[PDB]
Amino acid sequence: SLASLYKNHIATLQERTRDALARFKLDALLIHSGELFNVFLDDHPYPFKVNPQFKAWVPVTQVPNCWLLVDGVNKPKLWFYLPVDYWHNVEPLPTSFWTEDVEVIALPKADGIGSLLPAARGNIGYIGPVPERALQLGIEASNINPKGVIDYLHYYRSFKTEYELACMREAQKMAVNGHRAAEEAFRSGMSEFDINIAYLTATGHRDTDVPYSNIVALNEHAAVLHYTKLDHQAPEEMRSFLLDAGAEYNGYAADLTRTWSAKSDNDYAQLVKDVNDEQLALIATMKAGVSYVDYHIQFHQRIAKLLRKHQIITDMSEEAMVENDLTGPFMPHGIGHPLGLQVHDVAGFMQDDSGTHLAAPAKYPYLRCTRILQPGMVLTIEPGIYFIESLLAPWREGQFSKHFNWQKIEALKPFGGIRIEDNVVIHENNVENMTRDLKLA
C-alpha cells in the first residue's frame, strides 16, 4: 500500500522534474543531502539538517554526503554515503521499499562522488547547501541552486502526493500521543522541563530531531509567541498551559498546538473552549477555490465575537471592531501556513510555477499564506487569542481605550494566551482534519 503510493510519488516527481528540465533547458538535477560543519574555532559539529529537496525524494534524513541524480525519465540514482570507520556509528545500506524505485549505490568516500557523476555536467542543476562543492564538481555557476527550478519544484510541493499524505498522517499519530502525555504531565504539576521530557518520551523524539523547537509554555509564557526556554521548577500555581509541538515521519512534519486551563470554572477556561469551537467552525467553512486570506479575515471576525462575548471589548459592534482593527493586537500572527517536509512549508505566497509572489495584505502583515485552496494542499489552522502588554499599550493611550476592559485584561494576563492548531488536508469536496480524526480534544 505505502509502497504503491511511493511508486506514484516517484512517478509524480519524475514528471515534475522532466517538465522543469524541459522548461529551463537542463539535462538533469543533482540534489545534495548536505555536509557537516563545525562551530567557529571548535570541532563541535552542528547537528545535521538534511536538504528538504533531498528528502523530497527519499526518506534518508540522517546522512550527509549523499547525492541524488534525476532526469525525470531514467531510474533515480542515489549515491548513499557509507563510510568505513571505527569512530562513528554508521547507517547501513538501506533496502526498504523505496530502494526498489531508486537505484542505491554505496559511496565509501565523500570525495569519490566526482568520478561517478555524468561526464557532461554543463546542463546539470545542482540543488544543495554547499555551492563551493558544486563549483568544484564542474557545475556551471548559474546552475548552482537555480532559482527558477527551485521555485518551480516548490510550487509543486504545495500539492501533496498520496504517499506524502500517508507519511503526514503517521506524523500526526506521534504528535497526538505526545500532546496527550504532555497534558497529563501538566495536570500532575510538572515543570516545563519535565513536561518536555514527557513529550519526548511519548514521541520517541530528541530535542535535536523534532521538526521544530517545542513551545512548552506555562502561565504568562503562553503570551510569549516564540517561547523556547524551559523552567526547571513548576510555577507557584498552575493556571494555563500552551503546547506547540509536533513530530516527524519520513521527513514529514506534524505541527500541533493545544491549550489547557488548570481549572475549568474560570473565565480563561471558557475562553479556551470558545476558541476551540470557533476554530472548528472556521475549518468547517473551508473549501477549494477560496483564498486562504478569506479565512484569516474570517477568524478576525470570530475574534471580534469572542471579545464582545467575554466583555473584553465593549461599546462597539464586531463589524466596527474589525474595521478599526481592535482585534489586531489579540492575534498578531497569521491563521496558519502550508505544512509538509518543512514546518513552514514552501510556496506559501507563490501563485504559479513561475514564482509569482503575492504578499500578505498590509492590515495582516504576518500572514504566511496567500494561496488559493486546492486539493492536495496541507495547511495548518492555528487561531489564537493573547494578552500582550507591548501590543496593548498604544491602544490604552488612544481614542479607543474606553472600549478596552483593562481590568479584565489584567485579570487574564497571568494566563498568558490561547492557541489551537490542527493540520488539515484540502480535498475536492471536503477538508480532512487529520488531528481531529485522531480525536485530539
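Numbers for residues come from their place in the sequence shown, where the first is 1.
Greater mean Cα temperature factor according to the PDB record, 135 to 143 or 85 to 93: Higher of the two, by average CA B-factor, is 85 to 93.
Between the two ranges 94 to 102 and 348 to 356, the one averaging a larger CA B factor in the entry: Averaging CA B-factors over each stretch, the winner is 94 to 102.
Residue of maximum C-alpha B factor among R308, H337, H226, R157, per deposited coordinates: Max CA B-factor in the entry, restricted to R308, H337, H226, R157: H226.
Residue, from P118, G189, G246, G125, that the PDB entry assigns the highest Cα B-factor: Max CA B-factor in the entry, restricted to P118, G189, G246, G125: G189.
Within-chain third of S390 by Cα B-factor, per the entry: As the PDB entry reports it, the C-alpha B-factor of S390 lands in the highest third of its chain.
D19 by Cα B-factor - lowest, middle or highest third of the modelled chain: CA B-factor rank for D19: middle third.
Third of chain Cα B-factors occupied by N430: For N430, the deposited C-alpha B-factor lands in the middle third.
Among modelled residues of the same chain, the CA temperature factor third for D209: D209: CA B-factor falls in the middle third of its chain.
Lowest, middle or highest third - CA B-factor, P45: For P45, whose C-alpha B-factor we compare with every modelled residue in the chain, the answer is the highest third.
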